[PDB]
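Remember, it's 1-based here, ligands and their atoms both numbered in the order they're listed. The analysis underlying the following values was restricted to heavy atoms, covering all of them including side chains, and did not include hydrogens, waters or symmetry mates. Below, chains carry the letters A, B, ... as their sequence lines are ordered, and counting in each starts from 1.
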Amino acid sequence: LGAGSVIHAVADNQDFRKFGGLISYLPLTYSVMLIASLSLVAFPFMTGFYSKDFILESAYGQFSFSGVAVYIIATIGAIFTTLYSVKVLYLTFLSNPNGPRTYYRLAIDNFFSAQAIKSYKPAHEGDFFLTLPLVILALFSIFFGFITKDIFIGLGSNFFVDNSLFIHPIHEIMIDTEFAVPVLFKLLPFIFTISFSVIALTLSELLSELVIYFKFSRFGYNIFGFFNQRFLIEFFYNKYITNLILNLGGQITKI
Amino acid sequence: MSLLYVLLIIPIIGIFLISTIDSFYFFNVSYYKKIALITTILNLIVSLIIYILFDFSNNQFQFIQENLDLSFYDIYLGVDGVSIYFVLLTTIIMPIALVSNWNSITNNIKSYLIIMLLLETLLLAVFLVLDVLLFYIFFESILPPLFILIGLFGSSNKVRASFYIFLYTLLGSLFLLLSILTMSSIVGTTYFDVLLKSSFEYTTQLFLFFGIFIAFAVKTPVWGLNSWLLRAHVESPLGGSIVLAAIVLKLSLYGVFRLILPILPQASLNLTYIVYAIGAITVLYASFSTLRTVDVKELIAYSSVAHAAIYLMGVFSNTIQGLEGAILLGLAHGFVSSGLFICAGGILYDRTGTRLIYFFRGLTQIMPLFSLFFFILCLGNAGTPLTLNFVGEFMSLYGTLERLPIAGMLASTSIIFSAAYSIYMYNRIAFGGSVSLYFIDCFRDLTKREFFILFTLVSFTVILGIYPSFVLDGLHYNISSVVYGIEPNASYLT
Amino acid sequence: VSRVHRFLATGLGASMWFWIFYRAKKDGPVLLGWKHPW
Amino acid sequence: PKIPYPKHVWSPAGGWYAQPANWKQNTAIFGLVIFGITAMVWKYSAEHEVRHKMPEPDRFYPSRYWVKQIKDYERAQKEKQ
Amino acid sequence: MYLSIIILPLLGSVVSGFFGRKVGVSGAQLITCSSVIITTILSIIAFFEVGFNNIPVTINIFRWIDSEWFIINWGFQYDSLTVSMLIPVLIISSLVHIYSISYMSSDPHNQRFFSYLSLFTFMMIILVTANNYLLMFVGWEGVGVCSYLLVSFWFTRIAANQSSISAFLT
Amino acid sequence: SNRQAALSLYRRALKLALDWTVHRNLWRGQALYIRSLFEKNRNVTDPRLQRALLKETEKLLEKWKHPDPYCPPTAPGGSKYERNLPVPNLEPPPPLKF
Amino acid sequence: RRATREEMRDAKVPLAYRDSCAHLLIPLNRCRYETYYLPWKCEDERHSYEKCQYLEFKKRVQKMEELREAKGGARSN
Amino acid sequence: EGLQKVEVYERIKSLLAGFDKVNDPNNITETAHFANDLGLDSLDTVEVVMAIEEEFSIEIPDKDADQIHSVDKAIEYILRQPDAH
Amino acid sequence: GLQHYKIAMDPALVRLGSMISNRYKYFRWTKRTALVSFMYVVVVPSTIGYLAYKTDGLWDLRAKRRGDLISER
Amino acid sequence: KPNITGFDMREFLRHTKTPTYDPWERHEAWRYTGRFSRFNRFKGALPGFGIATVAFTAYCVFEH
Amino acid sequence: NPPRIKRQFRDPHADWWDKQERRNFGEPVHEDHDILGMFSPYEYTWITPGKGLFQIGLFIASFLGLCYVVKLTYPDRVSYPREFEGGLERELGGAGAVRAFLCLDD
Amino acid sequence: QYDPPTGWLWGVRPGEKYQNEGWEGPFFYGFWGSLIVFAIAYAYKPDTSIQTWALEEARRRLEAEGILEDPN
Ligand SMILES: *P(=O)(O)OCC(C)(C)[C@H](O)C(=O)NCCC(=O)NCCSC(=O)CCCCCCCCCCCCC
Ligand SMILES: CCCCCCCCCCCCO[C@@H]1O[C@H](CO)[C@@H](O[C@H]2O[C@H](CO)[C@@H](O)[C@H](O)[C@H]2O)[C@H](O)[C@H]1O
Ligand SMILES: CCCCCCCCCCCCO[C@@H]1O[C@H](CO)[C@@H](O[C@H]2O[C@H](CO)[C@@H](O)[C@H](O)[C@H]2O)[C@H](O)[C@H]1O
């Protein structure tokens, strides 16, 4: 809904490369969207902190190899999550303007003489039916984790005692996750989020040359296009699986 | 006289009236059409009267007339809970078949109406007769009027198409004749009550199976053998295509509950793996080539092959669930295939005069009502819940799996590939761009005739998909006498 | 820009950073491990 | 700018930009027919909902005001001493 | 009440879809939005009622599939897990409808859009309130149909057609 | 030929650079370098080498092709392309019975 | 005191928590029931439940270390 | 409703005003010419039209790139396209 | 029969359909066509039939509990 | 060996910096100046932080 | 028969009689016309299929490599399995059911 | 601003009306009317399903055991 507002505010354009500035033009959207990114990254005491980071610590809480592996694996998932969430908030709001000039022309400075009545379109904020959800959804994204964290997590809570969520006593980890995990791994995602966020802002704004060396290195040209192309999964399915079925159907029909 | 003979005589009376009104008048063809349609309404009225008086848990044939005047070939008419719904489908379908093709015939209108009124008699008979030689007589009397229904009112490739169905259906039916003749010679009659008592030796049943299955594989039809259907179900007129797919295709579905399940059980059991292999292949090869079909009416015909395989695998499961799901999917295909021939061969071919899917695109923009019904019909063909087609597939597939788990898993691929052909055709014609540029002028949306036969057919599919017990209550007791087996603590009681 | 839109955005900012320190001030010691919750 | 469209096309959902003048009257009528169907469905639930546990006499539970199984329990429980 | 939660999103969709001519763009928007709004309060109430009192609710309406050993009811069961699922489903549906009164304001076809939105909400309710696995599968398929109808809402874009086939068959 | 064809490669070389450098200021300096390369070979005349410049540069645009070049939202291949395409025929249909 | 298995089932305490120190879960959950699970109204029942469960964990930690040294610090999970 | 003529001209005039390669910003008229009236190089004009493409959020097909050699022609292109922002 | 609306019948697409409808008149027995005609008609269905033969009544899930075996043979 | 084209990556990457002289310098001057200067750029990256921080300090001193 | 080339590779800016599908009116068509059109499976031209199997192979190897190092150095369990009195055998389905830990080996 | 509602339902232009072809007469009164009369009568048809019978006995067998409660 927040990113829905920014797409509408400009031209129904969707590309990050042509969005910039737009923090002043869209004051509510940036805050609410940053309300969301702080909980999406599970910044402490957000609605995501009480759910997302409990899985990480309950993963290490189950003292097995597979539990430790997925902790390490999901931890890397956390750090790349914080990374593209900086990419969204920096490019669209905190960046140098990248799109056309009509996105930006106000009425303060006078750029027109005989057409000053129209032809501004300075990326206006939406109306009541657009903003009332965003503000309500943001009020959830702040308080909802803390208010229901006992209904669902608790310590011996009996909300799901009708066998709706039956956990077998040979698997439970809540006590260990409450006590066994050390403070370092209990807190580690916060350090990584607070570390790579300032690093990402610095690379995206302060030192805006390193990334292009990476993109225009051949090693980085390939690593970039491997991920942008979604692990090449679509390419392989469409060519090896989907188009195999169409040619099988053709072979049966013709031959 | 019996009330089951009234179903037969009414279309016969209607043929007489069409041929003797012009003698009481250069009479209009409109009055030819009204007589034939009224006289198919009456059969439907009577058939629902028969259904109110039916007894859902009686193991004796019902509505029988005591003949006690024996001859060599005597008509015996009984109704049973395994045959009642086939009769009802016939009598509901034949009025829509007439209304669907109301303005499209344009010539030889008397002959057209007289063939369909003749067809309704013969197809009603095949479900009502209590002999297996009587069954064969009517199962093959439908062949001459269908050769003429295609060559007089068929499309461009009508001549080859009419030869294909007649000759394939004649050949396949003559292997069933040899096996029926053997059963009669051994037992002395083909009256059902005396056959079901009799148990044939295993080797004889292994050779009666080879003969009843050659016929029904020719008449399902399975993949290797379906070249007549891809011609006949396409070149035929719209009304011909509705009867051929909804009713004629089911003559062998109902003919397995009479000819195989009760009198050749050991053969059916020991040879099921051969049936399932054939059925699995026609679920795949037919699904693969229904993707690459450029004729819209041919795409609908090919869909019937993949559907028929699922019900054929259900009738060979030895389970109460796959047997009822086979009847439900036979009924389900009846309403849904009817609607998609109405969309393909009766609306696009009325407006464009072509069946090539290359000329169609974005028909939602100018025919929103056609798009709505075309999508609902397309989702039932894809076996989507809330339609009677989904129930028939769920129960058919379950029994296929419980009997031989590997073929049911390859039969269940249908779930994926039926959805892929159905959505791809719908997306290409209704969606898929804008109104096509080969349409020089605009096309009107549905007429009140086209709306109400699609609406009628679609309504049957949904309400029966919500409350299938409308049809399941009659089936349970009668179906419970074609299952072969025993359980150790429930059998041989003292 | 609109006054109502600006006021709502700043206030929602005040929703954070006051829930943050209030929770950090009250439950911060427990999370870090300085003091057990009893 | 509103899209150009053909004016001969009839669609049950309006088609393009379709709002009748009398829409408030049509909308109001549809509201009652909805509200009547929902009322029948509510009286159905009240008489067919099945609970194996019974609500406490003092805690908020507005179903106690319309569901027969519960209301019959508390009426029976309102008979003692 | 519990069986009214199920029915309101369904009823509003019928008015907006097959009766959009009669109510118009605004008439559809109010009925679709308000009907889903009403369902949301009913489910906030059901959360306190079922979860906070540990009183599961059963209802059975009629048979769906009645073969020997196989009896699947058109039946619903409200339990602790059910009411948890409804609250995000119904609020996010309620707010997205209100959001869409302005997002789709210029689109030619609003009665069709808001109908699909109500239809989608009905199917998630069916999915999380069924007694059995098979009626669960009605919503499971239902939301699948509703997704295809909404990724392809602008059916004149070939890209949209490709992505809806991909949503459907995957 | 070799005149309109060349200017295509120039405008292309500008966009590929824009796609890989998001920040406009840096690409501007990155852009003028491309102009210099097209200015170093202003006066090549023989067709034997004329096509070789085009043929070899045609390799670097794929040797550095962006996985997803930017598309304006309303162009061929954009995000809003063909969104609400009008009917290409708004005249009432000719009266025919069916 | 210790709460018996029969007593534990009548208050519908969750299965995996029917351990030695769940006599305090009965008043915790009961406190939670009377307060609508609000996380600032049963602050001392919760703490008492957590503190008691804390002790039987560090007791397990202690004698596990004895088990670890009995095997020469080898892998045991 | 859509784009006008006075609006399109006065944006594109301000576009060339910031470009150094023009001889003098005074002679910017509707019938101006990049090749001779303003005196732009052959290589200069394509970089010029690339600015027009970005300003109006459209795509200039390579076939029509050779058809843009003057302001008037450039204006005639924008107004004939209902696509521009 | 009924006169249809005007269609820009494409000379190209008409002959493409006329190609498909008449396609079978030109099928020949080559080494390539026999290979496909042998794999689809014989190998794949024979392979399916063999699995259907060897797994018949091999497994039953009906009422089976822990301590009992799915295999019936 | 260099290609028949004079392009090279090393010189391409070295030029990736703000040019000293630009024929389009005035045309693009707007994106980096005024409302779009770095201070105004991140002036409101944390909307409520200033108001909350002083408000919270009022809460802290209230207890003591 | 024309070359089997998809119309996804045609120009999106020519004077096509049918701009949406990029076709001219009487143009010859490949017999595979159904699945060469604009509404047909997409052709991805980022890299050759051979090179992709390499790169997806590299990602797999690194994923295994990250998994391997964790196995070498991952902690032992610190909490003994919680003892239940009687195994709760009556609260989990009798003896014919899986029961919790009760005075067994570790 | 919303446009007026429009359309030719059944292709009937706003001047004239739908001309009855012939089918309408029996299809609406006979075909559908037969189904409404069938539906109305189907309600009073006695239930001869095997289940209604098998349930009544199977209840009585379970009633002998403690599995089902007997009113008597
Ligand atoms: P005006 O008429 O005054 O002159 C215009 C020109 C000179 C273009 C004429 O049209 C003309 O006569 N053309 C002659 C073309 C020629 O022989 N040389 C011109 C340059 S061709 C070429 O390839 C030059 C080198 C370009 C290198 C940069 C582009 C590719 C860079 C790599 C990819 C992008 C970065 C990663
Ligand atoms: C076993 C045999 C095969 C079984 C199938 C039997 C099919 C029987 C078809 C119906 C009988 C013949 O049908 C007959 O067709 C001829 C066609 O010239 C009609 O004859 C009439 O046709 C048109 C009708 O407008 C008149 O203009 C023409 O003057 C007149 O010849 C008869 O009125 C009709 O009764
Ligand atoms: C949805 C349809 C489902 C039904 C169809 C599929 C059913 C599959 C059932 C597989 C299990 C059947 O029963 C199973 O037989 C296999 C036979 O190898 C045994 O499997 C075992 O065999 C050997 C011993 O012979 C073991 O050393 C080996 O570890 C394991 O493969 C299982 O111990 C037994 O439990």
Side-chain angles (χ1 to χ4, degrees), chain A residues 212 215-216 221, chain B residues 15 18-23 28-29 32 106-119 122 141-149 151-152 398 401-402 404-406 408-409 412, chain F residues 1-21 27 30-31 33-47 49-66, chain H residues 35 40-46, chain I residues 55 58-62 64 66 68-73, chain J residues 4-9 12-13 16:
Chain A
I212 301 164
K215 280 193 242 167
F216 277 126
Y221 174 95
Chain B
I15 289 175
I18 293 175
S19 312
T20 56
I21 39 178
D22 213 18
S23 66
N28 192 0
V29 307
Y32 281 149
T106 73
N107 206 298
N108 301 293
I109 286 171
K110 277 187 43 204
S111 72
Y112 178 86
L113 307 158
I114 282 159
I115 287 159
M116 317 282 258
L117 284 182
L118 206 50
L119 268 175
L122 305 180
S141 55
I142 65 167
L143 204 50
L146 276 160
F147 182 73
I148 296 296
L149 198 71
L152 269 178
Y398 170 83
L401 185 102
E402 178 172 25
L404 191 40
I406 60 104
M409 286 169 192
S412 74
Chain F
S1 294
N2 303 273
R3 160 74 172 180
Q4 305 95 14
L7 296 187
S8 71
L9 277 296
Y10 189 55
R11 183 179 63 83
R12 272 176 61 184
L14 266 287
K15 296 184 177 189
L16 193 148
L18 198 36
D19 280 314
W20 289 98
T21 289
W27 165 86
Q30 209 185 39
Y33 182 76
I34 302 279
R35 178 182 169 87
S36 66
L37 275 296
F38 285 77
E39 197 67 31
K40 195 181 288 184
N41 302 347
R42 293 274 288 176
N43 298 323
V44 194
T45 55
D46 47 353
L49 291 154
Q50 180 63 251
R51 68 180 65 252
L53 269 298
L54 302 187
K55 194 167 177 299
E56 196 73 35
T57 193
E58 184 68 30
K59 291 177 71 68
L60 301 88
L61 306 199
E62 61 90 22
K63 200 170 184 289
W64 292 107
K65 60 170 177 292
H66 203 276
Chain H
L40 269 49
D41 310 334
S42 64
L43 183 63
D44 266 331
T45 187
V46 293
Chain I
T55 59
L58 191 46
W59 302 294
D60 182 45
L61 297 187
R62 182 48 65 101
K64 304 275 196 302
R66 252 181 319 104
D68 204 8
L69 273 186
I70 302 179
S71 297
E72 255 191 345
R73 176 174 68 255
Chain J
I4 62 170
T5 196
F7 162 94
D8 176 320
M9 294 299 291
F12 188 63
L13 287 183
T16 61

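Nearest non-hydrogen protein atom to atom 5 (C) of ligand 3 is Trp59(I) CE3, 3.8 Å. Atom 13 (O) of ligand 3 has its closest protein heavy atom at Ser71(I) OG, 3.3 Å. The shortest contact between atom 11 (C) of ligand 3 and any protein heavy atom is with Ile70(I) CD1, 4.1 Å. Residue, atom and distance of the protein heavy atom nearest to atom 20 (C) of ligand 1 are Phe38(F) CD2, 3.8 Å. Of all protein heavy atoms, the one lying nearest to atom 35 (O) of ligand 3 is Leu69(I) CD2, 3.5 Å. The protein heavy-atom contact nearest to atom 34 (C) of ligand 1 is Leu16(F) CD2, 4.1 Å.
For atom 18 (O) of ligand 3, the nearest protein heavy atom is 4.0 Å or more away. At a distance under 4.0 Å, a protein heavy atom can be found next to atom 9 (C) of ligand 3. For atom 23 (C) of ligand 3, no protein heavy-atom neighbour is found at a distance under 4.0 Å. Distance check on atom 15 (O) of ligand 3: some protein heavy atom falls below the 4.0 Å cut-off. Remark: atom 3 (C) of ligand 3 lies closer than 4.0 Å to at least one protein heavy atom. Inside a 4.0 Å radius of atom 32 (C) of ligand 1 there is at least one protein heavy atom.
Of all atoms in ligand 1, listed by their number and element, those nearer than 4.0 Å to a heavy atom of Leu61(F) are 33 (C). Near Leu53(F), meaning under 4.0 Å from any of its heavy atoms, are these atoms of ligand 1: 23 (O). Using a 4.0 Å cut-off to heavy atoms of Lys110(B), the atoms of ligand 2 that qualify are 32 (C), 33 (O), 34 (C), 35 (O). Within the listing of ligand 1, atoms 1 (P), 2 (O), 3 (O), 4 (O), 5 (C) sit less than 4.0 angstrom from a heavy atom of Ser42(H). Of all atoms in ligand 3, listed by their number and element, those nearer than 4.0 Å to a heavy atom of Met409(B) are 1 (C), 2 (C). Under a 4.0 Å criterion applied to the non-hydrogen atoms of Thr57(F), ligand 1 contributes the atoms 23 (O), 29 (C), 30 (C). Near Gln50(F), meaning under 4.0 Å from any of its heavy atoms, are these atoms of ligand 1: 14 (C), 15 (C), 16 (C), 17 (O). Ligand 1 places these atoms under 4.0 Å from at least one heavy atom of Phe7(J): 31 (C), 32 (C). With ligand atoms numbered from 1 in the order given, ligand 3 contributes 3 (C) to contacts under 4.0 Å with heavy atoms of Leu61(I).
On a distance-only criterion, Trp64(F) and ligand 1 share no N/O pair closer than 3.5 Å. Checked against a 3.5 angstrom limit, the closest N/O atoms of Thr5(J) and ligand 1 fall outside it. Backbone and side-chain nitrogen or oxygen atoms of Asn108(B) are examined, and none is located within less than 3.5 angstrom of a nitrogen or oxygen of ligand 2.
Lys15(F) meets the salt bridge (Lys or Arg N to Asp or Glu O under 4.0 Å) test with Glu53(H); sequence neighbours excluded.
Aromatic pair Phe12(J)/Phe7(J): centroids less than 6.0 angstrom apart.
Exactly one of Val29(B), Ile18(B), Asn28(B) qualifies for a side chain to side chain contact (heavy atoms under 4.5 Å, CB included) with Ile109(B). That residue is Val29(B).
Summarising the contacts of atom 12 (O) of ligand 1 with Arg51(F), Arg3(F), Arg42(F), the nearest heavy atom is found in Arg42(F).
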